[PDB]
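Heads up, the thing below is written out as structure tokens.
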Amino acid sequence: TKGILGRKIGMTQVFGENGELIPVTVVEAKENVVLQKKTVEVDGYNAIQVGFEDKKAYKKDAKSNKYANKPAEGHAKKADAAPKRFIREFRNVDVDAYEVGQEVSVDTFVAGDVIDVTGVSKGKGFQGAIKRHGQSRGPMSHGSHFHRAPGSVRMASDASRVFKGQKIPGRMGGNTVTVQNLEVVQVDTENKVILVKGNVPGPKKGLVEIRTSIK
Amino acid sequence: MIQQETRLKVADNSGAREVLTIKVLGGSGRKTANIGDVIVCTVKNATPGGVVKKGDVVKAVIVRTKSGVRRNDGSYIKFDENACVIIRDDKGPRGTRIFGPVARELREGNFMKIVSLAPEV
Amino acid sequence: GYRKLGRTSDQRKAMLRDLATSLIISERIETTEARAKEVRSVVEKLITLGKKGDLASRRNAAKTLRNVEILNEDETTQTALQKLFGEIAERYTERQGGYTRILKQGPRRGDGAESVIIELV
Amino acid sequence: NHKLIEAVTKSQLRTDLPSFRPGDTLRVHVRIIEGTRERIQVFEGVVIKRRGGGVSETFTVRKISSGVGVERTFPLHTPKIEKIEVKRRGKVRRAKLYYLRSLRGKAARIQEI
Amino acid sequence: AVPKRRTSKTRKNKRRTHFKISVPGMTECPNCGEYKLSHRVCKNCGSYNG
RNA sequence: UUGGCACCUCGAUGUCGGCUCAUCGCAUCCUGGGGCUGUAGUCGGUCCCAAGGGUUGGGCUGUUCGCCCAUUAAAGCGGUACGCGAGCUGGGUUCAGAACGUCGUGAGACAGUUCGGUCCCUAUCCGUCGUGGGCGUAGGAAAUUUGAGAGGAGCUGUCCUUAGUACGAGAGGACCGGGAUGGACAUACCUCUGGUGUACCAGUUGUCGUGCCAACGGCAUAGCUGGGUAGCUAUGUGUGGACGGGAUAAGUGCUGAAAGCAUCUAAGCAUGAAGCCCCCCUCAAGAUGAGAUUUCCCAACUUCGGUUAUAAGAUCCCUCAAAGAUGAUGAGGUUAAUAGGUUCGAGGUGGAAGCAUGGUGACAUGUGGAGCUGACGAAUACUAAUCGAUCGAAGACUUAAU
């Protein structure tokens, strides 16, 4: 019943109380605010909006996403806050415990908490079937002419057609992935940094969504 | 032990000198064994005088590997050859001597007898 | 590397050496846009070497320049390493970086390649 | 060299270990708790590599025991090494002594200062 | 493989809906007075500002 | 399956075994739930429900088939033109050579056997996997979302307590419950262990060149050899198949008459499977049934009954990468740290050139953990993102009520 937003920074390691080694991920979560409260009487479902990283103010001839535009300023003016560039909703929390316009701190999570993490996987581009779907090669010798072509998705002749959901080359990576049942190792109050035991989906400087485990 | 045709040296006091892996026990489809695993093997080279003869299918346990093993504190140990010890059914060596250093992970209540005879653990 | 320019490893390094040397001699040449963005780093790191003036800096620049001779002035001849250490490095003692400027021209007939002008600031 | 990573693992670094190079004899006291009591075992060998890092630096030591070569690799900042002595400093020409694996006996002896 | 049927002129022209070229992308030079490409030098007097 | 018939195909529908493990049936090999027993217990036999997932590696043979070895919870039977050659092979069988046995006067044939012997094709249409443009969703835009639907996942072993208890002359030996740890598969990631790392560091051979020495350059697989940054990676590091509801299948019942007895059934009420619907993960409003919430912009000219450009916003064009075949997506464009350069670092290599000392010399020591360094972390406008141009609203009608 708690959640934050942050940026993945990298991977390192720390030592345990018994002297064992655990791999951890450094996550930076700062400038989290509450922007809106959706309720069943109005929206039909209870949730809260959270902004992560603050932008720059309005500009007359802005050309990039560095500066907020006019419609985004009105949304960030209802709750007194600077405009944010990452905005996500959290349905797992209880709305009445939150108030519009307050900071969300890393102190909400304590050490030993069981969490699940959501992110967007790294992109690999247009890939073949050996790497995309993990199927086997053909012989590399003995007169063979079958090395890296798709070799586990053959079809019969009665149907005179190909079925849906075949596994042939395409674009791989860039999907939404969740890793469940991770654990909080240590929280840092000065740097707004959380250490998560394990690894999380995504590249460097990517956005990550941290919640409490549902099961 | 790594495969179905890996040849192992024998580091005990018996007639067997080298063996050949025939099977890796402990599950359907398993195809790799490490230090502390039991394998089914056959004897390819032996010595004149001993209980073990050529062409016998026996069981053995793994004590040394070139690929080593990883501890849960971030340390590794890697040996210089692959070696094994022939054992009876009740986890007991059928020889009376053991040569060479022995991996430290063989004491978990299972192979205490073999660890006792080892010159260096 | 950074960008392969459609050449092998040995050809790419020989062509960057020719372009860089000819730019010191004439201080303004016309080439391709993709080529010009890789000459930048080669020439600018050579000027950094000529602003130190040590013997070791001179010998580290002789590994990239070519043995051309410049009878352009009416006075005594000089090579392209004497001009790099004598004249070009003399007038860049104040600014730190950015000794090169690139100006676009447009497509050329028969190839469609973007033509550019590269010169010393 | 990121600001955040080097600021969190700052409390794991240990400013209590000596300075050594690849190719010297060295004794490592290891706190073993294998069994029903906590004793100390000593490992003595020659340093063959040190791949760098921050808190994740490692080193490897090699020794000969009854005709079998043994490799031990520890993290430099682990809280399971009590101390380290430097018996002698060798004279090598490179940073990775992988050629010591194929040498046995007389040819595997390193010179001294 | 070879074509099984002749392609009609209706199908051929549909396929060429997107086959065309674009505008050069030009601006007026305020020294020449004549047209030039963006971010490229003028070709009349050979001047480039900014 | 072996056959019967001869209805399509001889201006051609490529024939055995293998690679592939895709898709389906249940007459179920393992797991899940039950009745009977000539079921004491631990094992069994036979019958009913159940198709969710799973159902090994080798020796012999061109083989299918079969025998054997070692395992496993188990090593199921069948269909898909005896599934699949515009996906692969070509071992066998029906081309041209040669030889043996047998038959024939003979040219030659096999009830047979042996050695050798060309596998062509640039995908038009449907179908399958990825990825864009136009129009629509009755003003024009920026974000956040509900879930009608659809797709994923679904396996299982061994140890320890209850307990050497129930049962049993004894040897043997638990259902029902509570924990620990694996095998196979899937997914994410590069901190650790390895791989690679053709603009990084070092050593060395031959032969040309920089007028000579010293020092360096080209060619010889990157000449060869020893290491190795980022990135991409497994054999490496984490995680998952958990706990639970509802209705049922075979079965077990309660209460009850037809039929004064009996009866799970006719009315009425309960319980009951790895199976069905939820619960876990991903996609999803072109869902034309086109949904919802919060923000922003809204005036001049006619009488055109309708136009107009501009507003909010988004591009053209330039500097790029965390994205990428292209195009899209994302970080920026001077009111600026987007890329190159300069200055500091990290990691890598391993002690630079010149000079001095020592040796006849090949060489060694110091100045000095020196010098050098692609991709990784910072700071700095010195260079280039100039000046500009294009598109983009003024909100139809009927009804009901305030």
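Letters A, B, ... mark the chains of the structure tokens in the order given; residue numbers begin at 1 per chain; ligand numbers begin at 1, in order shown.
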
With a cut-off of 12 Å, could you pull out the residues of chain D touching chain B and give me the nearest pair of atoms for each, distance in Å to one decimal, using only C-alpha atoms, ordered by chain and ascending number, as CSV?
residue,atom,partner,partner_atom,distance
D:30,CA,B:75,CA,11.2
D:31,CA,B:73,CA,11.8
D:32,CA,B:104,CA,10.6
D:33,CA,B:104,CA,11.6
D:34,CA,B:107,CA,8.5
D:35,CA,B:107,CA,8.4
D:36,CA,B:107,CA,11.9
D:41,CA,B:121,CA,10.3
D:42,CA,B:121,CA,11.8
D:43,CA,B:121,CA,11.5
D:56,CA,B:74,CA,10.0
D:57,CA,B:74,CA,11.2
D:58,CA,B:75,CA,9.3
D:59,CA,B:75,CA,10.0
D:60,CA,B:76,CA,9.2
D:61,CA,B:77,CA,9.9
D:62,CA,B:78,CA,9.7
D:63,CA,B:79,CA,10.2
D:64,CA,B:80,CA,9.8
D:65,CA,B:101,CA,6.9
D:66,CA,B:100,CA,5.8
D:67,CA,B:100,CA,7.2
D:68,CA,B:80,CA,6.1
D:69,CA,B:80,CA,5.1
D:70,CA,B:79,CA,4.7
D:71,CA,B:78,CA,4.9
D:72,CA,B:77,CA,4.8
D:73,CA,B:76,CA,5.3
D:74,CA,B:75,CA,4.9
D:75,CA,B:74,CA,6.7
D:76,CA,B:75,CA,10.4
D:77,CA,B:74,CA,10.7
D:78,CA,B:73,CA,8.2
D:79,CA,B:73,CA,9.5
D:80,CA,B:73,CA,8.6
D:81,CA,B:75,CA,11.2
D:100,CA,B:80,CA,11.7
D:101,CA,B:80,CA,8.3
D:102,CA,B:80,CA,10.0
D:103,CA,B:80,CA,11.9
D:104,CA,B:80,CA,11.5

Output file for the residues above (C-alpha atoms, as a PDB file, in the first residue's frame):
ATOM      1  CA  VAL D  30      40.543 -16.662   6.930  1.00  0.00           C
ATOM      2  CA  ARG D  31      37.851 -16.939   9.615  1.00  0.00           C
ATOM      3  CA  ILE D  32      36.283 -20.351   8.962  1.00  0.00           C
ATOM      4  CA  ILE D  33      33.116 -21.393  10.798  1.00  0.00           C
ATOM      5  CA  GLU D  34      32.792 -24.830   9.182  1.00  0.00           C
ATOM      6  CA  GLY D  35      31.684 -27.218  11.927  1.00  0.00           C
ATOM      7  CA  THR D  36      30.786 -26.426  15.533  1.00  0.00           C
ATOM      8  CA  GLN D  41      42.911 -21.268   8.689  1.00  0.00           C
ATOM      9  CA  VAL D  42      45.929 -19.782   6.906  1.00  0.00           C
ATOM     10  CA  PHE D  43      46.370 -19.716   3.121  1.00  0.00           C
ATOM     11  CA  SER D  56      34.029  -4.932  -5.828  1.00  0.00           C
ATOM     12  CA  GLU D  57      37.783  -5.418  -6.261  1.00  0.00           C
ATOM     13  CA  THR D  58      39.164  -8.962  -6.094  1.00  0.00           C
ATOM     14  CA  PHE D  59      42.500 -10.763  -5.895  1.00  0.00           C
ATOM     15  CA  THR D  60      43.628 -14.348  -6.513  1.00  0.00           C
ATOM     16  CA  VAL D  61      46.345 -16.438  -4.837  1.00  0.00           C
ATOM     17  CA  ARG D  62      47.946 -19.677  -6.065  1.00  0.00           C
ATOM     18  CA  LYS D  63      49.706 -22.455  -4.152  1.00  0.00           C
ATOM     19  CA  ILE D  64      50.971 -26.009  -4.652  1.00  0.00           C
ATOM     20  CA  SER D  65      49.680 -28.731  -2.318  1.00  0.00           C
ATOM     21  CA  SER D  66      50.723 -32.383  -2.751  1.00  0.00           C
ATOM     22  CA  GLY D  67      51.116 -32.115  -6.513  1.00  0.00           C
ATOM     23  CA  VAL D  68      47.825 -30.290  -7.140  1.00  0.00           C
ATOM     24  CA  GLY D  69      47.502 -26.575  -7.833  1.00  0.00           C
ATOM     25  CA  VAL D  70      44.877 -24.568  -5.952  1.00  0.00           C
ATOM     26  CA  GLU D  71      43.332 -21.161  -6.705  1.00  0.00           C
ATOM     27  CA  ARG D  72      41.609 -18.963  -4.111  1.00  0.00           C
ATOM     28  CA  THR D  73      39.862 -15.689  -4.997  1.00  0.00           C
ATOM     29  CA  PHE D  74      38.624 -13.250  -2.339  1.00  0.00           C
ATOM     30  CA  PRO D  75      37.015  -9.811  -2.443  1.00  0.00           C
ATOM     31  CA  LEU D  76      39.511  -7.361  -0.986  1.00  0.00           C
ATOM     32  CA  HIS D  77      37.039  -5.730   1.442  1.00  0.00           C
ATOM     33  CA  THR D  78      35.225  -8.817   2.737  1.00  0.00           C
ATOM     34  CA  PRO D  79      34.736  -8.968   6.530  1.00  0.00           C
ATOM     35  CA  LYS D  80      36.090 -12.525   6.666  1.00  0.00           C
ATOM     36  CA  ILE D  81      39.824 -11.836   6.255  1.00  0.00           C
ATOM     37  CA  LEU D 100      52.257 -19.903 -14.021  1.00  0.00           C
ATOM     38  CA  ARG D 101      49.519 -22.497 -14.600  1.00  0.00           C
ATOM     39  CA  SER D 102      51.603 -24.536 -17.070  1.00  0.00           C
ATOM     40  CA  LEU D 103      54.856 -24.333 -15.068  1.00  0.00           C
ATOM     41  CA  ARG D 104      55.610 -26.866 -12.334  1.00  0.00           C
TER      42      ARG D 104
END

### Message
Select, as a PyMOL selection string, those residues of chain F with any atom no more than 8 Å from chain B (distances computed using only C-alpha atoms (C1' of nucleotides)).
### Response
chain F and resi 56+70-72+157+183-184+192

### Message
Need to verify the contact set: region 178-183 of chain A, 8 Å, only C-alpha atoms (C1' of nucleotides), exclusion of same-chain residues closer than 2 positions in sequence. Can you return it as JSON, numbers by chain?
### Response
{"A": [111, 112, 113, 114, 115, 116, 117, 118, 119, 176, 185, 196, 197, 198, 200, 201, 213], "F": [188, 239, 240, 281]}

Using N, CA and C atoms (P, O5', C5', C4', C3', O3' and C1' of nucleotides), can you export the residues from the last selection as a PDB file, in the first residue's frame?
ATOM      1  N   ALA A 111      13.611  -1.171   5.799  1.00  0.00           N
ATOM      2  CA  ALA A 111      14.458  -2.295   5.428  1.00  0.00           C
ATOM      3  C   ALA A 111      13.744  -3.617   5.679  1.00  0.00           C
ATOM      4  N   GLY A 112      13.932  -4.562   4.761  1.00  0.00           N
ATOM      5  CA  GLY A 112      13.259  -5.841   4.831  1.00  0.00           C
ATOM      6  C   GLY A 112      11.888  -5.884   4.198  1.00  0.00           C
ATOM      7  N   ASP A 113      11.484  -4.835   3.490  1.00  0.00           N
ATOM      8  CA  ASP A 113      10.195  -4.817   2.818  1.00  0.00           C
ATOM      9  C   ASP A 113      10.236  -5.661   1.551  1.00  0.00           C
ATOM     10  N   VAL A 114       9.122  -6.324   1.264  1.00  0.00           N
ATOM     11  CA  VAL A 114       8.987  -7.167   0.081  1.00  0.00           C
ATOM     12  C   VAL A 114       8.228  -6.374  -0.976  1.00  0.00           C
ATOM     13  N   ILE A 115       8.875  -6.134  -2.117  1.00  0.00           N
ATOM     14  CA  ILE A 115       8.365  -5.231  -3.138  1.00  0.00           C
ATOM     15  C   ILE A 115       8.423  -5.908  -4.499  1.00  0.00           C
ATOM     16  N   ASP A 116       7.638  -5.377  -5.436  1.00  0.00           N
ATOM     17  CA  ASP A 116       7.766  -5.714  -6.847  1.00  0.00           C
ATOM     18  C   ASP A 116       8.085  -4.450  -7.637  1.00  0.00           C
ATOM     19  N   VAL A 117       8.852  -4.609  -8.711  1.00  0.00           N
ATOM     20  CA  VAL A 117       9.379  -3.491  -9.483  1.00  0.00           C
ATOM     21  C   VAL A 117       8.925  -3.628 -10.930  1.00  0.00           C
ATOM     22  N   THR A 118       8.497  -2.513 -11.521  1.00  0.00           N
ATOM     23  CA  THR A 118       8.057  -2.463 -12.906  1.00  0.00           C
ATOM     24  C   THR A 118       8.941  -1.507 -13.696  1.00  0.00           C
ATOM     25  N   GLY A 119       9.277  -1.904 -14.919  1.00  0.00           N
ATOM     26  CA  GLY A 119      10.086  -1.068 -15.786  1.00  0.00           C
ATOM     27  C   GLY A 119       9.884  -1.465 -17.231  1.00  0.00           C
ATOM     28  N   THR A 176       7.046  -3.914 -21.228  1.00  0.00           N
ATOM     29  CA  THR A 176       6.825  -3.659 -19.809  1.00  0.00           C
ATOM     30  C   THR A 176       6.993  -4.957 -19.029  1.00  0.00           C
ATOM     31  N   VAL A 185      16.979  -3.465   0.854  1.00  0.00           N
ATOM     32  CA  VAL A 185      18.181  -3.691   1.651  1.00  0.00           C
ATOM     33  C   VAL A 185      18.435  -2.539   2.613  1.00  0.00           C
ATOM     34  N   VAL A 196      17.934  -1.987  -3.720  1.00  0.00           N
ATOM     35  CA  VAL A 196      17.070  -3.132  -3.972  1.00  0.00           C
ATOM     36  C   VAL A 196      17.944  -4.333  -4.295  1.00  0.00           C
ATOM     37  N   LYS A 197      17.731  -5.432  -3.576  1.00  0.00           N
ATOM     38  CA  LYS A 197      18.520  -6.643  -3.774  1.00  0.00           C
ATOM     39  C   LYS A 197      18.117  -7.307  -5.083  1.00  0.00           C
ATOM     40  N   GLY A 198      19.055  -7.390  -6.024  1.00  0.00           N
ATOM     41  CA  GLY A 198      18.797  -8.024  -7.300  1.00  0.00           C
ATOM     42  C   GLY A 198      19.036  -7.109  -8.483  1.00  0.00           C
ATOM     43  N   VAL A 200      16.893  -5.047 -11.941  1.00  0.00           N
ATOM     44  CA  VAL A 200      15.590  -4.555 -12.386  1.00  0.00           C
ATOM     45  C   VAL A 200      15.645  -4.337 -13.892  1.00  0.00           C
ATOM     46  N   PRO A 201      14.500  -4.429 -14.569  1.00  0.00           N
ATOM     47  CA  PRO A 201      14.491  -4.221 -16.023  1.00  0.00           C
ATOM     48  C   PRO A 201      14.806  -2.781 -16.395  1.00  0.00           C
ATOM     49  N   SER A 213       4.342  -5.740  -2.712  1.00  0.00           N
ATOM     50  CA  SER A 213       3.928  -7.003  -3.306  1.00  0.00           C
ATOM     51  C   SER A 213       2.460  -7.283  -3.008  1.00  0.00           C
TER      52      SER A 213
ATOM     53  P     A F 188      13.098 -10.989 -21.161  1.00  0.00           P
ATOM     54  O5'   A F 188      13.809 -10.194 -19.978  1.00  0.00           O
ATOM     55  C5'   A F 188      13.121  -9.188 -19.249  1.00  0.00           C
ATOM     56  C4'   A F 188      13.851  -8.823 -17.979  1.00  0.00           C
ATOM     57  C3'   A F 188      15.287  -8.350 -18.139  1.00  0.00           C
ATOM     58  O3'   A F 188      15.376  -6.981 -18.497  1.00  0.00           O
ATOM     59  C1'   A F 188      15.160  -9.937 -16.387  1.00  0.00           C
ATOM     60  P     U F 239      16.043 -14.746  -5.317  1.00  0.00           P
ATOM     61  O5'   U F 239      14.822 -14.530  -6.313  1.00  0.00           O
ATOM     62  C5'   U F 239      13.953 -13.417  -6.168  1.00  0.00           C
ATOM     63  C4'   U F 239      12.991 -13.310  -7.325  1.00  0.00           C
ATOM     64  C3'   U F 239      11.997 -14.446  -7.480  1.00  0.00           C
ATOM     65  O3'   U F 239      10.892 -14.343  -6.599  1.00  0.00           O
ATOM     66  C1'   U F 239      12.950 -13.944  -9.582  1.00  0.00           C
ATOM     67  P     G F 240      10.087 -15.659  -6.153  1.00  0.00           P
ATOM     68  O5'   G F 240       9.231 -16.042  -7.440  1.00  0.00           O
ATOM     69  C5'   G F 240       8.247 -15.161  -7.963  1.00  0.00           C
ATOM     70  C4'   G F 240       7.535 -15.788  -9.132  1.00  0.00           C
ATOM     71  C3'   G F 240       6.993 -17.185  -8.882  1.00  0.00           C
ATOM     72  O3'   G F 240       5.707 -17.143  -8.292  1.00  0.00           O
ATOM     73  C1'   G F 240       8.197 -17.141 -10.929  1.00  0.00           C
ATOM     74  P     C F 281      -0.231  -9.021 -11.350  1.00  0.00           P
ATOM     75  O5'   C F 281       0.514  -9.472 -12.684  1.00  0.00           O
ATOM     76  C5'   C F 281       1.933  -9.493 -12.759  1.00  0.00           C
ATOM     77  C4'   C F 281       2.417  -9.932 -14.119  1.00  0.00           C
ATOM     78  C3'   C F 281       2.008  -9.065 -15.300  1.00  0.00           C
ATOM     79  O3'   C F 281       2.819  -7.913 -15.455  1.00  0.00           O
ATOM     80  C1'   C F 281       1.643 -11.338 -15.828  1.00  0.00           C
TER      81        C F 281
END

### Query
Would you give me, as an MDAnalysis selection string, the residues in chain B that DSSP reads as strand (DSSP E or B)?
chainID B and resid 7:10 12 16:24 38:46 57:64 69:70 76:79 83:87 93 98

Write out as a PDB file with C-alpha atoms, in the first residue's frame the set of residues from chain B that DSSP, computed on the backbone, places in helix (DSSP H, G or I).
ATOM      1  CA  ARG B 104      35.732 -28.093   1.670  1.00  0.00           C
ATOM      2  CA  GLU B 105      32.050 -28.544   0.722  1.00  0.00           C
ATOM      3  CA  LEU B 106      31.961 -32.320   1.288  1.00  0.00           C
ATOM      4  CA  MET B 112      32.278 -37.260   6.746  1.00  0.00           C
ATOM      5  CA  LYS B 113      34.268 -40.491   6.323  1.00  0.00           C
ATOM      6  CA  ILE B 114      36.004 -39.288   3.142  1.00  0.00           C
ATOM      7  CA  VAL B 115      36.933 -35.931   4.697  1.00  0.00           C
ATOM      8  CA  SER B 116      38.671 -37.647   7.632  1.00  0.00           C
ATOM      9  CA  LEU B 117      41.246 -39.422   5.442  1.00  0.00           C
TER      10      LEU B 117
END

### Query
Any idea what's packed within 12 Å of residue 4 (chain E), counting only C-alpha atoms (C1' of nucleotides), ignoring anything in its chain fewer than 2 positions away? Could you give it as a PyMOL selection string?
(chain E and resi 1-2+6-7) or (chain F and resi 123-125)

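Distance-wise, CA of residue 35 (chain C) and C1' of residue 338 (chain F) end up 20.8 Å apart.
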
### Query
To one decimal place, how far is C1' of residue 390 (chain F) from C1' of residue 316 (chain F) in Å?
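Spanning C1' of residue 390 (chain F) to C1' of residue 316 (chain F) is a straight-line distance of 6.9 Å.
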
### Message
Give me, as an MDAnalysis selection string, the residues of chain C touching chain F, with the criterion being at most 8 Å (counting only C-alpha atoms (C1' of nucleotides)).
### Response
chainID C and resid 1:2 9 13 40:41 44 55:56 59 62:63 67 95:102

#### Entry: Interface residues on chain A facing chain D, 12 Å, only C-alpha atoms, written as a PyMOL selection string
chain A and resi 7-29+186-195+204

Keeping N, CA and C atoms for every residue in the selection just given, could you write it to a file as a CSV table (one decimal), in the first residue's frame?
chain,number,residue,atom,x,y,z
A,7,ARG,N,14.8,6.8,-10.6
A,7,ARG,CA,15.6,6.5,-11.8
A,7,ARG,C,16.7,5.5,-11.4
A,8,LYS,N,16.8,4.4,-12.2
A,8,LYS,CA,17.8,3.4,-12.0
A,8,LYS,C,19.2,4.0,-12.4
A,9,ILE,N,20.2,3.8,-11.5
A,9,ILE,CA,21.5,4.4,-11.6
A,9,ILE,C,22.6,3.4,-12.0
A,10,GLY,N,22.5,2.2,-11.4
A,10,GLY,CA,23.5,1.2,-11.7
A,10,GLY,C,23.4,0.1,-10.7
A,11,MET,N,24.5,-0.8,-10.7
A,11,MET,CA,24.5,-2.0,-9.9
A,11,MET,C,25.8,-2.0,-9.1
A,12,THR,N,25.7,-2.4,-7.8
A,12,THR,CA,26.9,-2.6,-7.0
A,12,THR,C,26.7,-3.7,-6.0
A,13,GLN,N,27.5,-3.8,-5.0
A,13,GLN,CA,27.3,-4.9,-4.0
A,13,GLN,C,27.6,-4.4,-2.6
A,14,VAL,N,27.0,-5.0,-1.6
A,14,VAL,CA,27.2,-4.7,-0.2
A,14,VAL,C,27.4,-6.0,0.6
A,15,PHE,N,27.9,-6.0,1.8
A,15,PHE,CA,28.2,-7.1,2.6
A,15,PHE,C,27.1,-7.2,3.7
A,16,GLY,N,26.7,-8.5,4.0
A,16,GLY,CA,25.7,-8.7,5.0
A,16,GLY,C,26.2,-8.8,6.4
A,17,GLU,N,25.3,-9.0,7.3
A,17,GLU,CA,25.7,-9.1,8.7
A,17,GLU,C,26.5,-10.4,9.0
A,18,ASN,N,26.2,-11.5,8.3
A,18,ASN,CA,27.0,-12.7,8.5
A,18,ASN,C,28.3,-12.7,7.6
A,19,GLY,N,28.5,-11.6,6.8
A,19,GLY,CA,29.6,-11.5,5.9
A,19,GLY,C,29.3,-12.0,4.5
A,20,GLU,N,28.1,-12.3,4.2
A,20,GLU,CA,27.8,-12.7,2.8
A,20,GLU,C,27.6,-11.5,1.9
A,21,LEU,N,27.7,-11.8,0.6
A,21,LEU,CA,27.7,-10.8,-0.5
A,21,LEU,C,26.3,-10.9,-1.2
A,22,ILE,N,25.7,-9.7,-1.3
A,22,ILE,CA,24.4,-9.6,-2.0
A,22,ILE,C,24.5,-8.5,-3.1
A,23,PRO,N,24.0,-8.8,-4.3
A,23,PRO,CA,24.0,-7.7,-5.3
A,23,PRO,C,22.8,-6.8,-5.2
A,24,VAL,N,23.0,-5.5,-5.3
A,24,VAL,CA,22.0,-4.5,-5.1
A,24,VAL,C,21.9,-3.6,-6.3
A,25,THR,N,20.8,-2.8,-6.4
A,25,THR,CA,20.7,-1.8,-7.5
A,25,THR,C,20.4,-0.5,-6.8
A,26,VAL,N,21.2,0.5,-7.2
A,26,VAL,CA,21.0,1.9,-6.6
A,26,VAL,C,19.9,2.6,-7.4
A,27,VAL,N,18.9,3.1,-6.7
A,27,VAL,CA,17.8,3.8,-7.2
A,27,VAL,C,17.6,5.2,-6.6
A,28,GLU,N,17.5,6.2,-7.4
A,28,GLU,CA,17.3,7.6,-6.9
A,28,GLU,C,15.9,8.0,-7.1
A,29,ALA,N,15.3,8.4,-6.0
A,29,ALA,CA,13.8,8.7,-5.9
A,29,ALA,C,13.7,10.1,-5.2
A,186,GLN,N,18.5,-1.3,2.1
A,186,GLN,CA,18.8,-0.2,2.9
A,186,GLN,C,18.3,1.1,2.2
A,187,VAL,N,17.7,2.0,3.0
A,187,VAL,CA,17.2,3.3,2.5
A,187,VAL,C,18.2,4.4,3.0
A,188,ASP,N,18.3,5.4,2.2
A,188,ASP,CA,19.3,6.5,2.4
A,188,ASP,C,18.5,7.8,2.5
A,189,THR,N,18.6,8.6,3.6
A,189,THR,CA,17.8,9.7,3.8
A,189,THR,C,18.3,11.0,3.2
A,190,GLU,N,19.7,11.1,3.1
A,190,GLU,CA,20.3,12.3,2.6
A,190,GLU,C,20.2,12.3,1.1
A,191,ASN,N,20.4,11.2,0.4
A,191,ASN,CA,20.5,11.1,-1.0
A,191,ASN,C,19.2,10.6,-1.6
A,192,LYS,N,18.2,10.3,-0.8
A,192,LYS,CA,16.9,9.8,-1.3
A,192,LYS,C,17.1,8.6,-2.2
A,193,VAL,N,17.9,7.7,-1.7
A,193,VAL,CA,18.4,6.5,-2.4
A,193,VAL,C,17.9,5.2,-1.7
A,194,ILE,N,17.4,4.3,-2.5
A,194,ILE,CA,17.0,3.0,-2.0
A,194,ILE,C,17.9,1.9,-2.7
A,195,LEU,N,18.2,0.9,-1.9
A,195,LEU,CA,19.0,-0.2,-2.4
A,195,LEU,C,18.1,-1.4,-2.5
A,204,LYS,N,20.3,2.2,-18.1
A,204,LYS,CA,20.6,3.3,-17.2
A,204,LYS,C,19.7,4.5,-17.5

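Taking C1' of residue 347 (chain F) as the reference point, CA of residue 54 (chain C) is found at 28.2 Å.
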
### Task
Fewer than 2 positions away in the same chain doesn't count, so skip those; otherwise give me all residues within 7 Å of region 23-39 of chain E, counting only C-alpha atoms (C1' of nucleotides), as a ChimeraX atom specification.
/E:41-42,44-45 /F:316-318,388-389

Interface residues on chain D facing chain F, 8 Å, only C-alpha atoms (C1' of nucleotides), written as a CSV table (one decimal) with N, CA and C atoms, in the first residue's frame:
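Contents of the output file part-v4.csv:
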chain,number,residue,atom,x,y,z
D,1,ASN,N,32.4,5.7,-11.5
D,1,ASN,CA,32.8,7.0,-10.9
D,1,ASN,C,31.5,7.9,-10.7
D,2,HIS,N,30.4,7.3,-10.7
D,2,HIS,CA,29.1,8.0,-10.5
D,2,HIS,C,29.1,8.5,-9.0
D,3,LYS,N,28.4,9.7,-8.8
D,3,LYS,CA,28.4,10.3,-7.5
D,3,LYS,C,27.7,9.5,-6.5
D,52,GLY,N,40.6,-4.6,-11.1
D,52,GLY,CA,40.3,-3.4,-10.3
D,52,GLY,C,38.8,-3.2,-10.1
D,53,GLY,N,38.5,-2.1,-9.4
D,53,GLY,CA,37.1,-1.7,-9.1
D,53,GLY,C,37.1,-0.8,-7.9
D,56,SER,N,34.1,-3.6,-5.2
D,56,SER,CA,34.0,-4.9,-5.8
D,56,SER,C,35.4,-5.4,-6.4
D,93,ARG,N,57.2,-8.8,-14.8
D,93,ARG,CA,57.2,-7.9,-16.0
D,93,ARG,C,55.8,-7.6,-16.5
D,94,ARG,N,54.8,-8.2,-15.9
D,94,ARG,CA,53.4,-7.9,-16.4
D,94,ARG,C,52.5,-8.0,-15.2
D,95,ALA,N,51.2,-7.7,-15.5
D,95,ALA,CA,50.2,-7.6,-14.4
D,95,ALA,C,49.4,-8.9,-14.2
D,96,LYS,N,49.3,-9.8,-15.2
D,96,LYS,CA,48.6,-11.1,-15.1
D,96,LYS,C,49.6,-12.2,-15.3
